[PDB]
Every structure is written in structure tokens, then in C-alpha cells.
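As C-alpha cells, the structure follows; a few thoughts come after it.
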Amino acid sequence: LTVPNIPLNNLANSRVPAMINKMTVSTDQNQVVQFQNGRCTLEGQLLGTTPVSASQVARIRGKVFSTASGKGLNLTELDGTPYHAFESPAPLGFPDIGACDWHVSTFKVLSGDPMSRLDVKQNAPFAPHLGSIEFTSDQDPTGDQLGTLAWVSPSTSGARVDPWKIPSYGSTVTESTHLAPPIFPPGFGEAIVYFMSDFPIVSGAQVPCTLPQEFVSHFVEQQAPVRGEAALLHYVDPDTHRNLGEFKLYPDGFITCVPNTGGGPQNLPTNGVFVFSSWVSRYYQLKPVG
Amino acid sequence: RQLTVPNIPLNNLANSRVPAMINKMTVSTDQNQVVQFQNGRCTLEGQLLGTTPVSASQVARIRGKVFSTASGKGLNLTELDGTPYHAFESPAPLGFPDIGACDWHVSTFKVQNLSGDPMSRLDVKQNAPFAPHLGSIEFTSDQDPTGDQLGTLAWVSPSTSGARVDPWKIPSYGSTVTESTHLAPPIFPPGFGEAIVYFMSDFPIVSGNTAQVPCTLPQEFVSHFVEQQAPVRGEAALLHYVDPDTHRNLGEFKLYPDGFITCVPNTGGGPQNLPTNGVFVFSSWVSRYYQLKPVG
């Protein structure tokens, strides 16, 4: 088993198109999240809407159609192939930043200004599982539009954006839908490690994810057999080669540490490299970090 | 120890010159065309060249501090993590776009307690003040960007009215003609009927012959080589492009130590005629001289 031989600051966020700039633990270490991007088992099984490449993360593609009040998108996959409402929550790569307005910069798959900003609300017509969303735009997009989440803002005036939330994918979502399951803190002083990125959030501050995107592609590419209850990783300074801290990587595809009280992995340098050390039991005690 | 290439199908690989996903391969219409892309460049041993960064989310991005002159605005460039850019051995900060001889339109945000519209579109001309190697560029904008701006190339357009964008060109990174900008070297088609394989992505190019951008290595190939640091054990690495369901070899390709891929295209055709869901797989080390079976 290996993990990417790449320093943390050269790893991409799996929920927004941005580069990780620190690790942290949640203020409430019992907080449960249910991110739909950045989800992949250690054996290489993608979960939720998680795609393989960093350039598929938080992107939308679809055909413009007429809706009672304006225009909307009939969604496709990002490669333009049809999106059929099935097991997944939405097309692969579809953004998972919940409970906020999205602003998505798209182009028609040119003369003049080719870009349209699609302003998308997560209200009643927001139905990504069924394959459609609505938008308003100050431009006039038509046809096959492909684009990327550019920024997010509050759903209503006075509200704040919480990028730790996920969307509601629609009324057509049932128990048969393949939503990635919650990530539960596994107990005994361990805390989930969140990888944070700067991103434009109006009235907000950083966007968390639970796996750097290159970890996802690594697991998919490798299809490695899981040979223990957790993978013990060391976070190594690539210049001095010193071991800076112990982490556990769990088969369901998330990472934990034991944060020192009043600290944690947010106090480690952000240029270290994770390195697989050994397979360990589920209750293997970690040395506290940070 | 042993060289491999990514077990990832073509359609799941990212472009190394724009933030986009590869949707086909092709060869150049002039098969003797020499290119000198500065992104997507990495040796098989894992040595990054030019401005090439490691992650797909560093590709064609710009960061810097806004400054004002008497006549206008510019960015004093930094690396993408905000640390200082020092002119030393590289054309520009890592990840800096390399689409030459055109206007750029770069969408940035202030890295700030945001209110209102946080985005600025920076319109950048590749004229005299375009001096990324020395660390600054000028821009105009219909918005009001200040401070530490970070963003991504959004689209490109002609330098002058009536001109076209040619995304096969690279910028002139220097302010004077004899400024050493430390470019990654040119890539020549290497003989034996071989043609360089270009990986194409859809991208908004206003007034280009097509709205596509070529690159010479998928971004995940670059990061793979950086991670592996594998020794080169022959003059070229023979690859097969394989159907991931039937495991059939759809064609032979050569991967060269300097970090590019070739094939021998059938006349009037080439890898543009292959399926786009195949996976490249290392087969063996072969002599520079190894004659490939034609494809497509």
C-alpha cells in the first residue's frame, strides 16, 4: 500500500478547485460530516459524486432549456455523455457545497465574451439527482455549457455560508440512492483530519475536505488490497526527513490523528509528505500531534 | 524502482496546460512541427521542467499583489501558495499559463472578508510590460481588484483585432530579447516515422482555429513521474494503449526520457482515431530505434 509521495501543499482539494493549504480538526471533535466529493475507499471504490481527477472537482455541464421563469440546465456528465438519474447523487464531479447560492462560470462547448456566470439557488427547482437545476444569469448562455464553481454566497440575506454542509440532491432521492455515508469520528481521542483550502465564500472561511484529490486518484489507480483495520501513516518533513506525526488512514477512506489539547495538525508545517508505514489494528493508539 | 504510467483511462486525465479534462489524442498536421510548451513538462525520472507544477489544480493559475502605476495596474507575482517568486531558474512562477501570443482573461479573488461579487477578471496583454520572468505583469480590469489576488486562466482571445489565437505557441517571458528565461527545451519529433502525441482539451479560445488546447503529457502522468522518481533503464519506454474491459492492445506508443509520447500514425489518420477510454500501460524498455507499429 502507498499514499501519494507529494507534499501537502502540492495536493488539491477534493471539494473545490483549489490547493490544500492546511490541515485541521473540527472544533467539536464529535462532529459528523457527509461530504459527497473526496470520497473513496482505500481499495479504490469511488463514493458519492467523487470523480478521479482534480479537474473534475466541483464542475457542472448541461444543456440550457426554458423554465417557467427563465432558464435551467438539463445536466450531463462532464464529458458530455448523458447523465441518467440512477445510483449516484448527481453527475460525477457535481459540487457538494450545501445550503448556499452557487456562482458557476461556464462556456459554450467563439466570439466576444465566451463566459456566462450561472447563479444557482438550492431551492425547490434544485434537483441534481433527477438531472436538472435552474439559474439566473446576467449573460445569455445557450446550448451545451461546461463550467466550474467560481464562488459561493448566502442563500438568503443575513444568512452565512457553512461549507461543511452538503446539498439536498432532490425529492427523487431514496434509500436506493448512492450517497456516500457519514464519516463518524471513531472514538478514543481520535479526530478526523480535514484538509482546508482558501476559496471565495461571501460572508464566510475555508473549504474542508476529507481526502486530498490525489489520494482519491491514487486509490482508484492502485486498487490495493486492504490488509489491516487501518493504515498507519507518518507525515514526514521532505527536507530534513524527520517524522513529524502519526495518522491513521481508514479503509472507508478518511484520516484521523490524536490532536494535542489546544492544538492539532493545524500546528504542523504544510509541506510534509504522508508515507505509509504499516498496517495496524482499529484501536492502535496514536502519538498525539501538534 | 520500476517505471509505470498511471492506471487511469484517457478520459479521466487532466490537461497540463489548461484546467480541463483530456477528450482526445491527435498528431500535428505538420508532423515536423516543433513545440516548446512550458507546462506539462517532466522527465521520466521525475524532474519537473519549465513552469510545470505537480497538481492539476495549479495548472494555468496566477497569484500576485496588485500595484498601481501612474498609467495603470499590475501584479507583482508570487508563487501560487503566496510565497515570494524569485527569478532564478524558471520562466515564471510554477503553474503560470503558457498559452503564447494572445490576451489572457484570468478570474481572480482576494485571498479577505468577502462581500458583494468577489471576482475580478484580469485582462492581460502579452506586450512590453508582460515580464513574468522578472516577476510582474500588467492588467486592466472592469472590476476593482486589490491586494493578494489568486485565480485561474478563464479564456483567451487575440492580441489585436483580426488576429487569431494559436495555442501551440508559448509566451515570451522576458522583458528584453536577451533575458535568460530558462525555458524547458524544444520537443522535436524524434525520427523513425514518429509523431508527437498531443492530448487535447476543449477550452474557450476566442478566434482560434478550434476551441482546443494541446499538451504533451497528461497532468497525472507528470505527478506520477514526480512521485515515483524511477530510474530510466532504456532509451525509450514502450507503452501499450489498452481497452480496459477486453485488455486488448489498441496500439504501441513510445515514452521518451525527456518526457513526451510518440506514435507512428497511419497516413491520413493517427491516435485521433482510437477510442478515448483506453489506458496506457508500460510494456518494456526499448532502443531509441525501436520501430513502432502504425496506429489509427
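Where a number appears in this text, it was derived from the coordinates with a stated rule and is not lab data. Positions of Cβ are generated from backbone atoms using ideal geometry, with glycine treated the same way; all protein chains shown enter the neighbour counts.
Shown is the FRET efficiency for B:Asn7 and A:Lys71, computed with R0 = 35 Å from the Cβ-Cβ distance and rounded to the nearest 0.05: 0.30. Hull volume per residue, based on the alpha-carbon atoms of region B:6-107 and their convex hull, is 160 Å³. The dipole here belongs to chain B: it is taken about the Cα centre, uses +1 on the Cβ of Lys and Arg and -1 on the Cβ of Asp and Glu, and is about 260 debye. Within the same chain, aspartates and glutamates fewer than 8 places from B:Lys293 are excluded, and of the rest, those with a Cα less than 12 Å from its Cα are B:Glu194, B:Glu252. Summary of the geometry: region A:134-163 and region B:208-252, compared by the centres of their Cα atoms, lie 36 Å apart. Basic side chains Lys and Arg get +1 at the Cβ, acidic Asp and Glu get -1 at the Cβ, and with that the dipole of region A:168-237 about its Cα centre reaches some 120 debye.
In this calculation the C-beta distance from B:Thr276 to B:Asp123 is compared with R0 = 35 Å, giving a FRET efficiency of 0.55.
Note on the protein assembly as shown: antiparallel DSSP beta bridges, both residues inside, total approximately 95 percent of the bridges counted. The Cα atoms of region B:153-218 give a gyration tensor whose axes a ≥ b ≥ c have a/c of 1.5 or more with a/b no greater than b/c, which makes the shape oblate. In chain A, the DSSP-assigned H stretches of four residues or longer account for a calculated mean residue ellipticity at 222 nm of -1000 deg cm²/dmol, using -39500 (n - 2.57) per stretch and the full residue count as denominator. Dipole of the protein assembly as shown computed with +1 at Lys/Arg Cβ and -1 at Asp/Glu Cβ about the Cα centre; of B:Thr78, A:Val258, B:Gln143, farthest Cα towards the positive end is A:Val258.
The convex hull defined by the C-alpha atoms of region A:57-153 has an orientation-averaged projected area of 6.0 nm².
Among A:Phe86, A:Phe107, the order by Cβ neighbours within 10 angstrom, fewest to most, reads A:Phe86, A:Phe107.
Since only A:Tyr194, A:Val3, A:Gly48 are under comparison, the one whose Cα sits farthest along the positive direction of the charge dipole of chain A, derived from C-beta charges on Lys, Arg, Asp and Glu, is A:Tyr194.
Counting Cβ atoms of other protein chains within 10 Å of each residue's Cβ and taking the mean over peptide B:213-225 gives 2. Across region B:252-266, computed HN-Hα scalar couplings (Karplus, 6.51 cos²θ - 1.76 cosθ + 1.60, θ = phi - 60°) run 9, 9, 10, 10, 8, x, 5, x, 8, 10, 10, 9, 10, x, 4 Hz from first to last residue, x flagging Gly and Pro. Residue farthest toward the positive end of the dipole of the protein assembly as shown, with Cβ of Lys/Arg at +1 and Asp/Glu at -1: which of B:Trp168, A:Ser111, A:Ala159? Of the listed residues, the answer is B:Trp168. Of all beta bridges that DSSP places with both ends in chain B, some 95 percent have antiparallel geometry. Comparing Cα centroids, region A:2-29 and region B:269-290 end up 34 angstrom apart.
The charge dipole of region A:57-153, taken about the Cα centre with unit charges on the Cβ atoms of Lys, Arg (+1) and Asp, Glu (-1), comes to about 80 debye, rounded to the nearest 20.
Between the C-alpha center of region A:52-108 and that of region B:43-91 there is a gap of 31 Å. With one equal scatterer per alpha carbon and no solvent term, the Debye-computed log10 I(q)/I(0) for the protein assembly as shown at 0.11, 0.12 1/Å reads -1.06, -1.28. The mean number of Cβ atoms from other chains found within 10 Å of a Cβ in peptide A:4-17 is 4, as a whole number. With the cut-off at 1.5 for a/c, could you classify region B:66-109 from its C-alpha gyration tensor as rounded, prolate or oblate? Verdict is oblate for region B:66-109. Note on chain A: percent of Cα-Cα distances in each 10 Å bin, starting at 0 and stopping at the bin with the largest distance, equals 7, 28, 34, 20, 10, 2, 0.
Among the listed pairs A:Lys71/B:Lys125; A:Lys22/A:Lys287; A:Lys71/B:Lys24; A:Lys108/B:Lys65; B:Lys24/B:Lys125, which are separated by more than 23 Å between their Cα atoms? Exceeds cut-off: A:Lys71/B:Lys125; A:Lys71/B:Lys24; A:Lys108/B:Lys65; B:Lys24/B:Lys125.
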